[PDB]
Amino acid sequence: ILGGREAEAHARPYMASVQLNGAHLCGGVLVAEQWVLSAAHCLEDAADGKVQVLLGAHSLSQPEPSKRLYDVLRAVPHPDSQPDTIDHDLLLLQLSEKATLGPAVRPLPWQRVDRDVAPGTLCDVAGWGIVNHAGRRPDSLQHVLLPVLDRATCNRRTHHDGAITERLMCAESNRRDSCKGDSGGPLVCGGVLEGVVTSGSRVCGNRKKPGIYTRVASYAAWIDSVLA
């Protein structure tokens, strides 16, 4: 997260760190007792690496009573996701058992009504991604509040030049932004999950290249099918 602040520890009990061989790789969001949603590109060339999900965390490194590292029974990328596109960039991770719930670990309600978030709506995105251009990695969860950017602006040639489909949304990226390592994490608006940070390499903090988020409401039936 660029231009953000250290999050209040455990105030986002849905927040997941998706880890590969013990290192933070991507954000994710607990959406059911046994299921974490993230981005499909996260597991590109993950091969047979050990994929785990850390729940209940603030610090990646320090002991906390609510922190638990879960193994993953199933990783389910969206069938239409592809390495060279930003489309359908969702991943569902089935934990090896249902998560132990409490004040620091709780699924987030998620949007099923397929209607756009209004431009200017202030939404929260959190993550353990890089916090500066040097690539400094924070030990603890960071967050930033970002206004939703209208799709027409986001689609201007100067911005993302027609790439933003009805299944995607954008947020402003003027100094405050998601960045490398924040992919897969949640964009939350009014206490409901609306977006998942896409996992394509994108310059961070430049107003001319807004953040892109997959609209969870557009994939409601897919999320349901995988859980079933």
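Throughout, rigid core stands for the largest set of C-alpha atoms superposing within 1.5 Å between the two forms. Numbering starts at 1 and follows the sequence shown.
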Which is farther from the shown form in 7 other deposited structures of this protein in C-alpha RMS with the core fitted, 7-15 or 201-209?
201-209
Quick check: 44-52 versus 183-191, which has the larger average CA B-factor in the record?
44-52
Mean C-alpha B-factor higher for 196-204, or for 34-42?
196-204
For the C-alpha B-factor as written in the entry, point me to the maximum among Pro83, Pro138, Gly127, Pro107.
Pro83
Classify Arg151 as lowest, middle or highest third according to the C-alpha B-factor given in the PDB entry, relative to its own chain.
middle
Chain thirds by Cα B factor, record data; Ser218 belongs to the middle
What third of the chain does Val18 rank in for C-alpha temperature factor, lowest, middle or highest?
lowest
Record-listed C-alpha B factor of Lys67: chain third:
middle
Among the modelled residues of its chain, the C-alpha B-factor of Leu91 falls in the third labelled lowest
